[PDB]
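**Q** My structure is below; once you've seen it, I'll send some questions.
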Amino acid sequence: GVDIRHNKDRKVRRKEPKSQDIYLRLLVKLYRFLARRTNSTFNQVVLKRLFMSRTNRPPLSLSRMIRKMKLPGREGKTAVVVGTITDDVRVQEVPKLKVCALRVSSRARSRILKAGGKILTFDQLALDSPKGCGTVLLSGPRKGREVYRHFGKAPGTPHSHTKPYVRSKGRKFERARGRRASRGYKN
Amino acid sequence: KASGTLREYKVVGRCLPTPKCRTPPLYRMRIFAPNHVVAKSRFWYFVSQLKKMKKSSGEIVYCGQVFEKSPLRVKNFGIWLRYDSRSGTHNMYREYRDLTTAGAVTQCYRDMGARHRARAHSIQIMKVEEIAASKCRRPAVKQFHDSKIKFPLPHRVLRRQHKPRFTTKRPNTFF
Amino acid sequence: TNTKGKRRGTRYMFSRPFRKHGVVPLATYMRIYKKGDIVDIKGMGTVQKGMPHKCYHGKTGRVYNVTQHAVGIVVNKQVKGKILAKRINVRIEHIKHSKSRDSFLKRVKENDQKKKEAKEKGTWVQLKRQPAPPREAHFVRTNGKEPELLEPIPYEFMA
Amino acid sequence: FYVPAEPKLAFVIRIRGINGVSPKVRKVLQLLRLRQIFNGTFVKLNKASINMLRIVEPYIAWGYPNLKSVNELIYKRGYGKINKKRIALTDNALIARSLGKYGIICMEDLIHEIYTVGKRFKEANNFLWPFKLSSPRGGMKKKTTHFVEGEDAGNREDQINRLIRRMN
Amino acid sequence: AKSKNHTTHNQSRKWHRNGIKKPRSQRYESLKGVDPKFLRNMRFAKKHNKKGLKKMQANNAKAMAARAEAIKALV
RNA sequence: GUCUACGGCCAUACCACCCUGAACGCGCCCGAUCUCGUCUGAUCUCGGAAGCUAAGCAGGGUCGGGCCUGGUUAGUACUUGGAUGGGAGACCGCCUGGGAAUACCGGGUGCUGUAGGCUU
RNA sequence: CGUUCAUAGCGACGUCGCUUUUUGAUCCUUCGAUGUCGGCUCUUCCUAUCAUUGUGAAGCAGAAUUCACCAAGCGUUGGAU
RNA sequence: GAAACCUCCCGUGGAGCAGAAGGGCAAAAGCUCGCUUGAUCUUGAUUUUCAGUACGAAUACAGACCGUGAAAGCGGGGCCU
RNA sequence: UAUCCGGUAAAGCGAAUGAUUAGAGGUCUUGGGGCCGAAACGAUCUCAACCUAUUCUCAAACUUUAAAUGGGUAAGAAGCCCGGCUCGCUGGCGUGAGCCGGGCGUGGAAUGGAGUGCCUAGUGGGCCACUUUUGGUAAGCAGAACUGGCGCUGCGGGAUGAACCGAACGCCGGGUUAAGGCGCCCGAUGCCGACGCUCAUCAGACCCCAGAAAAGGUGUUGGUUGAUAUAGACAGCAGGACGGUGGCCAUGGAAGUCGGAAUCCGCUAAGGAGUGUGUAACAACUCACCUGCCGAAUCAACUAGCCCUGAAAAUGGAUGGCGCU
RNA sequence: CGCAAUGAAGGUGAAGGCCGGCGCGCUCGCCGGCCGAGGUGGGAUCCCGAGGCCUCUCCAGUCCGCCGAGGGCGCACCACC
Ligand SMILES: [Mg+2]
Ligand SMILES: [Mg+2]
Ligand SMILES: [Mg+2]
Ligand SMILES: [Mg+2]
Ligand SMILES: [Mg+2]
Ligand SMILES: [Mg+2]
Ligand SMILES: [Mg+2]
Ligand SMILES: [Mg+2]
Ligand SMILES: [Mg+2]
Ligand SMILES: [Mg+2]
Ligand SMILES: [Mg+2]
Ligand SMILES: [Mg+2]
Ligand SMILES: [Mg+2]
Ligand SMILES: [Mg+2]
Ligand SMILES: [Mg+2]
Ligand SMILES: [Mg+2]
Ligand SMILES: [Mg+2]
């Protein structure tokens, strides 16, 4: 006999990607190797990000990316994003960049290259810089999905600012007994 | 406690010193016990019943075996007791006749087992005193106070009962 | 089943101890609690206004607010299987500075003294605490008198 | 009277198994790394350690080892804990690799530190994997009771070596 | 058919499966439930910290210069 | 040596009776015009300074009660954990660690902050 | 108490037991059902012995008799309601 | 007159505090007078039951406006449950 | 290791609340009933309540005391220590809080990789044991605490068995063990094992467990305490067992002898104002002290071990069986 | 369906800073210039890097690394303002 809980003895992270798009698996073949034979933690991370869900590698806006390279230090440097770049119509002056992402939506692509930017694929990124030397590995905001507004402490539970699931907001869908103190009470 | 064959142990120990008792008084005890590890336990048990002095308050200074300086003599021990009953405690005084104080102590314990179904933890030995031929009270012992002591060996039942398990000869017990 | 009333079973809890009834001795009030000060709560019968609930008696916590004559004072409270840090307003009377912390600080101050000193010297001193060790080798001298024998003593029925 | 030193170091053996065990016991026993029955460790005594070894009296047998006992354990049953994998200390270059920072570079140094309880005992000992002893050849007097009352449990100070012989 | 009324038997053991976690600590805890007047005032102190900046900057420059003079005298 | 005012801790400071109280104080004390208040200048309020330590107050006294703190009680009672220990049960003994409370017998009987006196 | 005499035979005040031919407690078993009272008939078992065998006891002179033992071999009946 | 009212002395509370009990309370939380309406107007926080939802109950604050007192303060109902 | 909390076991009741025995001391108070008093705190008792020291025994809903086990904090970088700013708060000046800027690293033992968020099924009849504990005469009863089991779980042992004791399972070879065992069934004592005890015409024979008590026993074996005794015993037979004396009370008769208060002297060698038996009552008989034969040791009361008595149920029957001394 | 919310509704509807000037800088009102989604702690990662560590000799000495004391910009997420 041996007292251990085997409850939490398997770990649940992904090894490989669950997708079957051959071009992603090829990338992974490359970065799996790079992330073993090198020391470049970057490669370890890049590789780890290539196994995640579409939810879990969210779209970086051009505008956010612009503002993350402006930052004082990373001038003459490459952006990297293991999801996708999107346009920002609510930004106007677009600096010249150097980016890697799996995708750069058509609009955002035009914008980058018109401004004299540069766009790289991952296999290109590996050739350039196999150690991820000279990079700013960014990410999209993980918490942007509307989904999260529903999680948390359940609504109607004091100091829960938690969007409830309702068919259709308006006068008569919730917002009575339990919110109007007049009607019943409130949280 | 339990048993096997006991020895004697001279345990000595002192409540370990404080600011208020810079050179505390040592105490000594004839423990009888199957080994030094238990001897020392046994020592404490007795000390604490007497003095305010627990193992943690104290130390054992010198625990060591005590050998019989008269092994090859045969001696009559008186031996005083304080066992427990299925009822209340009693005191006794028994006599044994042995070559060693240990021997006689062990030879006591056993007897108490037999004659009173008294387990060891029930028993406290208070003194063991080698004695003269005289002063001995118990005629069990005193029938062995004789110079021309003689006796036959009478219905001398065979052992080696299974060496020859089967055989020709019915045995013979007269010797 | 029992009553969920507030004071239930505080017959000997909020009970001013033998020959300590009557007036709340002023010191009690005129001593000062800041934010971050650690405090052991302990109810008191006489002052009822701002009496803490019976679960928090003996329980000890930190002071996160200070109103004119009260203190908000974060405490822990195990509820079944999930301790809640939680915050209770207590009037000064049912509250004392905990000394638990003072002895740590005393020791910090002693380390920072012994760090400043013994730096110029070169010798690094044992700052850490170290558990109560095995009690060393030593001699016991029994000057002259031999150790006293101790006979176990006979039973006799007293009563 | 030369009252000698109280012992620095004792070897500790879980002598009873892994059912029905009280909750406070079990914690302590797993702080000692005694999760199988008949495992054993070196434990540097001090008030803190001792009071823990009390609380598991009925489950452990323990005492103050010999030098020999140290060697016989460490050579025969001594395995390093190296990248969390249990590993047989076959060669010194395994001990060194992980305790070299401590001036412990060979089998011999490890024993030294365990036996004398040097500065680095914690990390040398930790690095040893809990000693998977056999069942005691010649068995036990009684698994249940304390040594003093005719059993095997509790502190038997010197004698613990006798037990180490039959179980290594 | 009467039935068991209540107990706490297996309850401990469940609690401890997943932990009895001592509730999560943080530096920078909230100012929720803090005697309003107090808060106001500090919020105000906070409000006008940027006023009295140029003075503070200057003071820190003089302190830095005094450190550099002290380090030069040492060396 | 010690007091007064405001105090902290709140009997080692309380209670009972006894002695002793220099100087300064604090008192009792002598008055009712005003202030103020009573059935009553007793209390309270006010104006005083002829007496006096009688009392309060202070210091001490008492094989004093009380309180305070030790010892004893007692390694007693109890008690954590242990055993295919005992015992028909009632219960008990052991191992492992923790350990009280009376009666009884000793010692103690206010310490002290701030401000201002007296003994020049 | 028994003329007297605690104990032939009894036995208060107290107390310790056994038994499951009383009744209670209980609700384990059975509600996709174990035929719900008596009597009749038949067998067997028990002894806590009414009788009979052999015995000890008496406040057994005989007669009748209780008290106790070994003992369950053999019996223990017909009728009115 | 055992009980009326008057007076002196003793009195750690043995009374009283609406009610059950328990806590608490003596130049008071009791009794007696004087004035009064904090038992009013309003944000949130927190406790208690708790799921840590409500209700009720309470605890601290904060802003109004008032009461009382020389004032310090105390009061937003009932000494507390 | 520091530091708080607590009012349970215990203890206490010559400390509060309540409960309660007894005598000492008190016209405290006064009484109700007396006896001696006209009546009288006169004398003498008494019982009522009250009091002074004492004393007997108590408390889940009492308590001065007061453990063990137990519950909180704390054991450093979110910490220490300097410098300066902000404030509409607070304030004689000052506090207190908030901001910047610099300076300082292991801060009890042992162990361990942590943190975190979604979706979420079954479940929400339970039962058993040690210890604690309420109801109840109890219960394989009902109801709680604590841990651990069973339920979900096999395996060795407990003959058999949910829950005991050991130990927790991938498939196997060797070795070893636990708990339990070792006449034979049945693996292992086919040891020249050790010391006792014990005989049962109902022997006994192992956690949970499946069965007995009070009370007895010259059965035996141990202890404990007293005794006895060559100044001549102990048993065994033999000799006497009286006088003051129908002793006093009791007459219904108690001269030792239904009962009861007494309970001494003489002679004594020694006999009780008497153990019984018996008397209406006596009488008569009987039961110490000492001798003779006799001749060294002997007796009593307790106590505890095994054995026995106490001990009765129904199909034939179960230390598991055979059997075992 | 999403890119806007909130309010019963009438309805309203997500920016702030700095600097210089003019109104009394009045922590209020009006005119010019610059920056433009704030800050604190923690934060995978990136960047700089004193310094070593050798080279068959005594020094000079560019190239390549390995590590890196120390310092930075700091995603996402969290806590807080
Ligand atoms: Mg088990
Ligand atoms: Mg039931
Ligand atoms: Mg239910
Ligand atoms: Mg006057
Ligand atoms: Mg005077
Ligand atoms: Mg005087
Ligand atoms: Mg005194
Ligand atoms: Mg067990
Ligand atoms: Mg009669
Ligand atoms: Mg049928
Ligand atoms: Mg019969
Ligand atoms: Mg008043
Ligand atoms: Mg207000
Ligand atoms: Mg009132
Ligand atoms: Mg209680
Ligand atoms: Mg009690
Ligand atoms: Mg089920």
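Here, each number is a calculation from the coordinates, and none is a lab measurement. Methodologically, a virtual Cβ is constructed for each residue, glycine included, from the backbone with ideal geometry; neighbour enumeration extends over all protein chains shown.
**Q** Among (1) in contact (Cβ under 8 Å) with a residue 60 or more places away in the chain; (2) touching an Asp or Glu at 6+ places or on another chain (Cβ under 9 Å), where does B:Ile31 come up short?
**A** Condition (1) is where B:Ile31 drops out.
**Q** Considering only segment D:8-55, state which residues are within 13 Å of RNA strand F (Cβ to nearest atom) and of a type in the set (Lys, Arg).
**A** D:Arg16, D:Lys24, D:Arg26, D:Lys47, D:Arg54
**Q** How many residues are surrounded by 17 or more Cβ atoms within 10 Å (Cβ to Cβ), among the small types (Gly, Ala, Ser) and more than 8 Å from every other protein chain (Cβ to nearest Cβ) if we restrict to segment B:1-36?
**A** Total meeting the criteria: 2.
**Q** Of all residues in segment A:172-186, which are in a loop (DSSP other than H, G, I, E, B) and within 14 Å of A:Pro155 (Cβ to Cβ)? Reasoning before the result, please.
**A** Quick first cut of segment A:172-186, residues in a loop (DSSP other than H, G, I, E, B) only: A:172-177, A:179-185.
A:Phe173, A:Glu174, A:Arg175, A:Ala176, A:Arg177, A:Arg179, A:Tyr185, listed by residue number.
**Q** Looking at A:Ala181, A:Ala101, which one is farther than 29 Å from A:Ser53 by Cα and among the aliphatic types (A, V, I, L, M)? Please lay out each step first, then the result.
**A** Values: A:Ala101 fails: farther than 29 Å from A:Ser53 by Cα.
Testing whether each residue is farther than 29 Å from A:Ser53 by Cα and among the aliphatic types (A, V, I, L, M) leaves just A:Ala181.
**Q** Please identify the pairs in which a residue from segment A:176-187 that is away from RNA strand F (no atom under 16 Å from the Cβ) has its Cβ atom under 8 Å from the Cβ atom of a residue that is outside any loop (DSSP other than H, G, I, E, B) and basic (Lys, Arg), counting only partners at least 6 apart or on another chain.
**A** A:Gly178/A:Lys186; A:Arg179/A:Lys186; A:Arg180/A:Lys186
**Q** If I ask for residues that are in a strand (DSSP E or B) and away from chain C (no Cβ under 14 Å), which ones from segment D:1-48 would you list?
**A** Going through segment D:1-48, the residues in a strand (DSSP E or B) turn out to be D:2-3, D:9-14, D:40-44.
Answer for segment D:1-48, where residues must be in a strand (DSSP E or B) and away from chain C (no Cβ under 14 Å): D:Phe11, D:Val12, D:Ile13, D:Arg14, D:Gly40, D:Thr41, D:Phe42.
**Q** Might you check whether a residue that is more than 16 Å from RNA strand F (Cβ to nearest atom) and of a type in the set (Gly, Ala, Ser) occurs anywhere in segment C:13-29? Before you say what the answer is, go through the steps one by one.
**A** Keep residues of segment C:13-29 that are more than 16 Å from RNA strand F (Cβ to nearest atom), which gives C:13-15.
Applying the additional criterion that residues be of a type in the set (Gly, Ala, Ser) yields C:15.
Within segment C:13-29, one or more residues are more than 16 Å from RNA strand F (Cβ to nearest atom) and of a type in the set (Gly, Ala, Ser).
**Q** State whether the residues of segment B:111-119 include one that is in a helix (DSSP H, G or I), away from RNA strand F (no atom under 16 Å from the Cβ), under 22 Å from B:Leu6 (Cα atoms) and touching a strand residue (DSSP E or B) at 6+ places or on another chain (Cβ under 9 Å). I'd like the intermediate steps shown before the answer.
**A** Residues of segment B:111-119 that are in a helix (DSSP H, G or I), as a first pass: B:111-116.
Adding the requirement that they be away from RNA strand F (no atom under 16 Å from the Cβ) leaves B:111.
After this cut, where a residue has to be under 22 Å from B:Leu6 (Cα atoms) as well, the list is B:111.
Cutting the leftovers down to touching a strand residue (DSSP E or B) at 6+ places or on another chain (Cβ under 9 Å) gives us B:111.
Within segment B:111-119 (the criterion being in a helix (DSSP H, G or I), away from RNA strand F (no atom under 16 Å from the Cβ), under 22 Å from B:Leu6 (Cα atoms) and touching a strand residue (DSSP E or B) at 6+ places or on another chain (Cβ under 9 Å)), the answer is yes, since at least one residue qualifies.
**Q** Could you grab me the full set of residues in segment B:122-138 that are away from chain C (no Cβ under 14 Å) and either within 14 Å of the chain's Cα centre (by Cα) or within 16 Å of RNA strand J (Cβ to nearest atom) (or both)? Reasoning before the result, please.
**A** So the first thing to find is which residues in segment B:122-138 are away from chain C (no Cβ under 14 Å), and the list is B:130-138.
Once the filter is applied, which keeps residues that are away from chain C (no Cβ under 14 Å) and either within 14 Å of the chain's Cα centre (by Cα) or within 16 Å of RNA strand J (Cβ to nearest atom) (or both), segment B:122-138 yields only B:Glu130.
**Q** Among the residues in segment B:74-90, are any out of contact with any helix residue (DSSP H, G or I) (no Cβ under 9 Å at 6 or more places or on another chain), hydrophobic (A, V, I, L, M, F, W, C) and either within 16 Å of ligand 15 (Cβ to nearest atom) or more than 12 Å from chain C (Cβ to nearest Cβ) (or both)?
**A** Within segment B:74-90, one or more residues are out of contact with any helix residue (DSSP H, G or I) (no Cβ under 9 Å at 6 or more places or on another chain), hydrophobic (A, V, I, L, M, F, W, C) and either within 16 Å of ligand 15 (Cβ to nearest atom) or more than 12 Å from chain C (Cβ to nearest Cβ) (or both).
**Q** Considering every residue within segment C:49-59, establish whether at least one is surrounded by fewer than 14 Cβ atoms within 10 Å (Cβ to Cβ), away from RNA strand I (no atom under 11 Å from the Cβ) and in a loop (DSSP other than H, G, I, E, B).
**A** Yes, because at least one residue in segment C:49-59 is surrounded by fewer than 14 Cβ atoms within 10 Å (Cβ to Cβ), away from RNA strand I (no atom under 11 Å from the Cβ) and in a loop (DSSP other than H, G, I, E, B).
**Q** Specify which of the listed residues (C:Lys121, C:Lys96, C:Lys80) is charged (D, E, K, R) and assigned to a strand (DSSP E or B). Step through it out loud before you land on a result.
**A** Numbers: C:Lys121 fails: assigned to a strand (DSSP E or B); C:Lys80 fails: assigned to a strand (DSSP E or B).
Going through C:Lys121, C:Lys96, C:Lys80 in turn, the sole match is C:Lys96.
**Q** Specify which of the listed residues (B:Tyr109, B:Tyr93) is touching a residue at least 12 places away in the same chain (Cβ under 8 Å) and either within 13 Å of chain C (Cβ to nearest Cβ) or closer than 30 Å to D:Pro4 by Cα (or both). If you could, list the steps in order and put the result at the bottom.
**A** Values: B:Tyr109 fails: either within 13 Å of chain C (Cβ to nearest Cβ) or closer than 30 Å to D:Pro4 by Cα (or both).
The unique qualifying residue is B:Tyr93.
Residue-wise test of (1) under 25 Å from C:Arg7 (Cα atoms); (2) touching a helix residue (DSSP H, G or I) at 6+ places or on another chain (Cβ under 6 Å); (3) of a type in the set (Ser, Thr, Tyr).
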| residue | (1), (2), (3) |
| --- | --- |
| C:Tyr33 | no, no, yes |
| C:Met44 | yes, yes, no |
| C:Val47 | yes, yes, no |
| C:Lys59 | yes, no, no |
| C:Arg62 | yes, no, no |
| C:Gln68 | no, no, no |
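**Q** Considering only residues of segment D:11-31 that are away from ligand 1 (no atom under 14 Å from the Cβ) and in contact (Cβ under 8 Å) with a residue 60 or more places away in the chain, which is surrounded by the fewest Cβ atoms within 10 Å (Cβ to Cβ)? Before the answer, list the steps.
**A** Start the filter on segment D:11-31 by keeping residues that are away from ligand 1 (no atom under 14 Å from the Cβ), which leaves D:11-14, D:23-24, D:27-31.
Right, trim to in contact (Cβ under 8 Å) with a residue 60 or more places away in the chain and you get D:11, D:13.
Working: D:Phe11: 24, D:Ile13: 26.
Applying the filter and picking the extreme gives D:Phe11.
**Q** Would you confirm whether or not segment B:145-152 contains a residue that is of a type in the set (A, V, I, L, M), away from RNA strand H (no atom under 16 Å from the Cβ), more than 14 Å from every other protein chain (Cβ to nearest Cβ) and assigned to a helix (DSSP H, G or I)? Can you show your working first?
**A** Initially, segment B:145-152 is screened for residues of a type in the set (A, V, I, L, M), giving B:149.
Remaining after also requiring away from RNA strand H (no atom under 16 Å from the Cβ): B:149.
Okay, now just the ones that are also more than 14 Å from every other protein chain (Cβ to nearest Cβ), so B:149.
Adding the requirement that they be assigned to a helix (DSSP H, G or I) leaves none.
No, because not a single residue in segment B:145-152 is of a type in the set (A, V, I, L, M), away from RNA strand H (no atom under 16 Å from the Cβ), more than 14 Å from every other protein chain (Cβ to nearest Cβ) and assigned to a helix (DSSP H, G or I).
**Q** What number of residues in segment C:75-92 are loosely packed, with under 14 Cβ neighbours inside 10 Å and more than 9 Å from chain E (Cβ to nearest Cβ)?
**A** 1
**Q** Restricting attention to segment C:1-35, which residues are away from RNA strand I (no atom under 12 Å from the Cβ) and either exposed (fewer than 10 other Cβ atoms within 10 Å of the Cβ) or not in a loop (DSSP other than H, G, I, E, B) (or both)?
**A** Answer for segment C:1-35, where residues must be away from RNA strand I (no atom under 12 Å from the Cβ) and either exposed (fewer than 10 other Cβ atoms within 10 Å of the Cβ) or not in a loop (DSSP other than H, G, I, E, B) (or both): C:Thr3, C:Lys4, C:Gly5, C:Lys6, C:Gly22, C:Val23, C:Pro25, C:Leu26, C:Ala27, C:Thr28, C:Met30.
**Q** May I ask you to list the residues in segment E:4-61 that are among the small types (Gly, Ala, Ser) and surrounded by 10 or more Cβ atoms within 10 Å (Cβ to Cβ)? Show your work before the answer.
**A** Within segment E:4-61, the first condition is being among the small types (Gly, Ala, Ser), and the residues that meet it are E:12, E:19, E:25, E:30, E:33, E:45, E:52, E:58, E:61.
Within segment E:4-61, E:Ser12, E:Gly19, E:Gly33, E:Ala58, E:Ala61 qualify.
**Q** Then there's this: Might you check whether a residue that is more than 16 Å from ligand 15 (Cβ to nearest atom), without any contact (Cβ under 8 Å) to a residue 24 or more places away in the chain, out of contact with any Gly (no Cβ under 8 Å at 6 or more places or on another chain) and aromatic (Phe, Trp, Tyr) occurs anywhere in segment D:92-108?
**A** yes
**Q** Another question, if that's okay. Can you go through D:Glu108, D:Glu113, D:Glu123, D:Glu151 and tell me which one is of a type in the set (D, E, K, R), more than 16 Å from the chain's Cα centre (by Cα) and more than 14 Å from chain B (Cβ to nearest Cβ)?
**A** Just one listed residue meets the conditions, D:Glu108.
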